[PDB]
Amino acid sequence: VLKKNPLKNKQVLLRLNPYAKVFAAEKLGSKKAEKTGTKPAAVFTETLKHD
Amino acid sequence: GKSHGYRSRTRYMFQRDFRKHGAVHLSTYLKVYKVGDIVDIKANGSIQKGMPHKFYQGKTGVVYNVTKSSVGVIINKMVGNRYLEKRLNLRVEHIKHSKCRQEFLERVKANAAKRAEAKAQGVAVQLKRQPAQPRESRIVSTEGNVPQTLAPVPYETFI
Amino acid sequence: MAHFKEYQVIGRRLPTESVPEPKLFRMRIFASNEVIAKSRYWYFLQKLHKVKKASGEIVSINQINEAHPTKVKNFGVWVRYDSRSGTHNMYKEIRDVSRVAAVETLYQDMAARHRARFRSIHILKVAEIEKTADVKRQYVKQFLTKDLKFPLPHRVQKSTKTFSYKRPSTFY
Amino acid sequence: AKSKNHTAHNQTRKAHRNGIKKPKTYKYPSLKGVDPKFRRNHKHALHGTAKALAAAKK
Amino acid sequence: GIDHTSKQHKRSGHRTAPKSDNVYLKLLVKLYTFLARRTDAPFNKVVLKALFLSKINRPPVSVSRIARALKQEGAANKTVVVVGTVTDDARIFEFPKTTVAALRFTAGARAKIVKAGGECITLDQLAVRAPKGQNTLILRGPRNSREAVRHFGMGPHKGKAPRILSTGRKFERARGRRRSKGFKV
Amino acid sequence: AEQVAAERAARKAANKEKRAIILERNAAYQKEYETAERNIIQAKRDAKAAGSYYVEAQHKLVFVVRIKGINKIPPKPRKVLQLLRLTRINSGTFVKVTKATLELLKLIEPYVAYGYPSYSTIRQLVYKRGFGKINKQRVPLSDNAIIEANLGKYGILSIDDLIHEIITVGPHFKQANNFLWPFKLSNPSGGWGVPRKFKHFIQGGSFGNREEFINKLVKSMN
RNA sequence: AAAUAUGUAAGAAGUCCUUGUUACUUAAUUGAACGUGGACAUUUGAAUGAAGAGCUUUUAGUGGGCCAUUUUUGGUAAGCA
RNA sequence: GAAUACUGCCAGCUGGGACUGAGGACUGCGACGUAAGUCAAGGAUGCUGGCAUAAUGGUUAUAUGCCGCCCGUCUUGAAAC
Ligand SMILES: [Mg+2]
Ligand SMILES: [Mg+2]
Ligand SMILES: [Mg+2]
Ligand SMILES: [Mg+2]
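Chains as they are written, first to last, in PDB author numbering: chain AC, 312 to 362; chain AT, 2 to 160; chain AS, 1 to 172; chain Ab, 2 to 59; chain AQ, 2 to 186; chain AF, 23 to 244.
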């Protein structure tokens, strides 16, 4: 009789998509990424800075 | 007064092409037409018998009748709010086979060949054609191709 | 629009069998966003070479930030623009702390003095002037003098209220 | 007292308001205008084909 | 605003009920409405729709037509269903024993079926003995043999009957109908 | 004991195992999206390190919003808007990108704003304004059983299966998209950002392709 | 020699394999047309949409038009034609 | 070697304001709970105060703010000088 919006009303959000509980529990919206230290090539940097 | 004769406004459409006048080459008369063939209409101005009316220039139809020197062609014509069926008796000089239909029949043969090969190995041969797809990812190397280009040019007269 | 960014846009012709690995043409484009940057790139490649967006490709777009945003520089700017009855080349000098800000000022100034819209202007070249005595415009040279200092006479203070009880002064 | 002579204004809109319809092809088109010799022979060909089919199926 | 692709508020164009006020027809309609709703047999839906039809849309079905239909292979024992009138036919001299369910039987048709040994049945008895239209055979009369249809589509070269009161010579058989008098059609 | 509790227990068991299937499918979708995103980022970084340029794959999905009213439209664009199911202003649809649809968009440029939607935009659009076309009726989704009843023949069992079929242009994209009723969006909450809408986005207007800024526009529109 | 506009096709009434009819056709057991029987799977042969699709009867009003962008004729031009 | 801006994401948290409360036994999908149950989960309930009549409200006259050209007709076009 009345459309209830998910993205609010977490009861309806959980009725759909049972994975929202795991998402919220593990904070998958705030996932820290693994660090990497690869460096751009000197040709790339020189091309970027070129006039 | 006005003038709406049979060949009015056909001055250029019934031209022979440039340096292409004279007699018709024999392959035109050696072509074979059967009932159901799809043909294009292009009037030859040097042949005044069996010529189509200017409306049917560039129209494509279906053969329904074969006579001694002519072919009956069915053309759907726009009259008012509906299409009417029109039957033309045209000599073979004004008719050529539709290359589109020839290539479609070739595609039918190739589709059968692919399906039969997939019947042995490689199931789901995916007969249907597809529209051009967006490009996939790619890597563009700079080795020997360093990006280097200049800016827009200043104005100058060249006069 | 006037919040300009500078992008390098690198593109090329679509590779074929006869000529794989085309030549990767690159431009520097002042634009408010990447969509406009890519469009301006294709407009200029369209005008200079026999290539268009359909038969081409954008391989890279990168924002170029100012090296020293807090260093006051003098910029020579060569532009080509369309007036109401012709096309003209101009040279102008802007004292500013970044290329995008200098180009912003240039567009405002062209709009103000020559009624030239962004539509009508080609930025031929923006280059920092490395030292004084090469600055050619007096409206920029006058700010390069030693121990420069000037007052700001007739200061007008904005009132937060409709009525004032004190007959304001303009000292400063 | 002259009036407008001619115009095709609104004519395409009128033609399309009940749409433009194709002529609804059938299987077995009418043999009108077909060569009389071919039609005359085709009658006997169909007669013989039906006779042979009846003699086979029974 | 909506860019409408089809006409709005368009009625379906099909009858949802009989146009008549026959109370017994309305009782038959409510019976077959219940059957068409509570059964998956398409026979009940077909009979229900036929119960709405007008008189020109339910032409009479002759007993000769019924006998010819019963001559079909494997249809000798089926129940013939005519949603309409079954008329008599004297062109036939033999009639099989069969069950015919119809809205109306003429006196001759009913007498011929009963004499042949069969029975004439109303649609409610048909519904009782075949709730799903089991072993039925729905027959329809010739719709386009109506006299009004001859004049439909009158025009040049259409080959239809002109709408005319008196026939014979002097009545539309002159200029326009023969080459010797102007033109032919 | 009129045989009520038995089938109620069986129905609850069926629901529980169905939800377990949905849960594992959604976990797989989440890991697939995370892997695709990180692989794209790392491919860009590796091309930079090697001195090359990583040209990302051309976008496969566009979201199109009709921004012009229904009066005074030439017949050809009017027909294309009808075929794209944009029959009123602020209506939106998903279109998979081919040459055949790029020509359609290029033919209706002045009346639409379209771009490349993100996963967040697609998910919020379907969750809040997603309606199914069932028996020619507009039905609020609001439940996975509706989706499994109307698209379960394609292996689409939940709203997240539907979203996956949209964001990744899958084999049954056409069926899933046509099942989705055209989204009816409100006017943008912070306005259009421009004084005049009916110029191209490049020229300071609102129509045409605004590739990644369609996300901001649609988010404010719903 | 464009742009725009415009015809046709993108299959089951289809394709392939054997062999049946004829008074037409062939030098001919050659063809033509229409067929019996057999094979082709679900991507049955591009995209998008399809609001139900087709079919018929009958009858109203109307048959003075005018405006705008663009193309365009007469005219110096016109809120002109 | 960091920081921050810009852009983007979170099925992160939370404060203030406005409009609405359609339906009327139960049935569904969920959630939290070992279960028993409970719940914001197929549309508002709980507690409290004043009045119980011209108080609310209706009608009517007037005032104020903004808006409102005379109908019918012929006409491309009518408030028409
Ligand atoms: Mg007239
Ligand atoms: Mg606001
Ligand atoms: Mg009149
Ligand atoms: Mg007023």
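Even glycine gets a Cβ: it sits at the ideal position worked out from N, Cα and C.
Listed as beta-bridge partners of AQ:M155 by DSSP are no residues whatsoever. Per DSSP, AF:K238 is one residue of the alpha helix (DSSP H) stretching across 236-243. Secondary structure note for AQ:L140: it is in no beta strand (DSSP E), with a DSSP letter that is neither H nor E. Straight through space, the alpha carbons of AS:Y107 and AS:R167 are spaced by roughly 40 Å. With a cut-off of 7 Å, the C-beta of Ab:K5 is classified as near ligand 1, since at least one heavy atom of the ligand falls inside that distance. If you ignore the 5 residues before and after AQ:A110, its C-beta comes within less than 6 Å of the C-beta of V64, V87, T88, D89, all in its own chain and listed in chain order. Nearest Cα to AQ:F44 within the set AQ:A128, AQ:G154, AQ:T168: AQ:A128.
One alpha carbon belongs to AT:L91, the other to AT:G73, and they sit about 6 Å apart. Between the beta-carbon of AS:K73 and that of AS:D96 there is about 7 Å, and that keeps the pair under the 8 Å contact cut.
For AQ:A103, the beta-bridge partners assigned by DSSP are AQ:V83. For chain AS, the residues of the stretch 336-358 of chain AC that bring a beta carbon within less than 8 Å of one of its beta carbons are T358, in chain order.
Along the stretch 136-168 of chain AF, the positions whose C-beta sits under 7 Å from a C-beta of chain AC are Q146, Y149, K150, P162, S164, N166, read in chain order.
Contact of AQ:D41 with chain AF by beta-carbon distance below 7 Å is absent, the smallest such distance being about 18 Å. Look at the stretch 4-37 of chain AS: the residues with a C-beta under 7 Å from a C-beta of chain AT are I10, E21, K23, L24, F25, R26, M27. Nearest to AQ:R59 by C-alpha distance, out of AQ:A108, AQ:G142, AQ:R178, AQ:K182, is AQ:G142.
Three or more beta-carbon pairs drawn from the stretch 123-136 of chain AT and the stretch 106-126 of chain AF are found closer than 8 Å, and the two stretches are therefore classed as touching.
Counting other Cβ atoms within 10 Å of its Cβ, AQ:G118 stays below 16 and is therefore classed as exposed.
Look at the stretch 60-98 of chain AS and you find no whole run of alpha helix (DSSP H) that is 4 residues long or longer.
Under DSSP, Ab:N11 shares a beta bridge with no residue. When secondary structure is reduced to three states using DSSP, AF:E78 falls in the coil class, being assigned neither helix nor strand. By the beta-carbon neighbour count (other beta carbons within 10 angstroms, threshold 16), AS:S39 is buried. Not a single C-beta of chain AT is nearer than 8 Å to the C-beta of AF:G192.
For AT:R88, no alpha helix (DSSP H) segment is defined; the enclosing uninterrupted segment is the beta strand (DSSP E) at 83-92. The count of Cβ pairs closer than 8 Å, one atom from the stretch 25-39 of chain AT and one from the stretch 91-103 of chain AT, reaches three, so the stretches are in contact. With contacts defined by Cβ atoms closer than 8 Å, AS:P69 and AS:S98 form a contacting pair. Here DSSP, grouped into helix, strand and coil, assigns AS:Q46 to helix. Against chain AT, the beta carbon of AS:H88 has neighbours under 7 Å at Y156, listed in chain order. Nearest Cα to AS:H122 within the set AS:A111, AS:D82, AS:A2: AS:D82.
Between AF:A71 and AC:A335, the gap from beta carbon to beta carbon reaches 8 Å or more.
Neighbours of AS:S39 across chain AF, judged by C-beta separation under 7 Å: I224.
The continuous stretches of alpha helix (DSSP H) do not include AT:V72, which lies in the beta strand (DSSP E) extending over residues 71-80. The criterion of a C-beta distance shorter than 8 Å is satisfied by AF:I111 and AF:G91. The C-beta of Ab:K23 comes closer than 8 Å to at least one C-beta of chain AT. The Cβ atoms of AF:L179 and AF:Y133 lie no closer than 8 Å to each other. Scanning AQ:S13, AQ:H10, AQ:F35, AQ:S21 for the CA closest to the CA of AQ:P132 turns up AQ:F35. Legend: CB atoms of the stretch 52-67 of chain AS lying less than 7 Å from CB atoms of chain AC belong to residues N62, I64.
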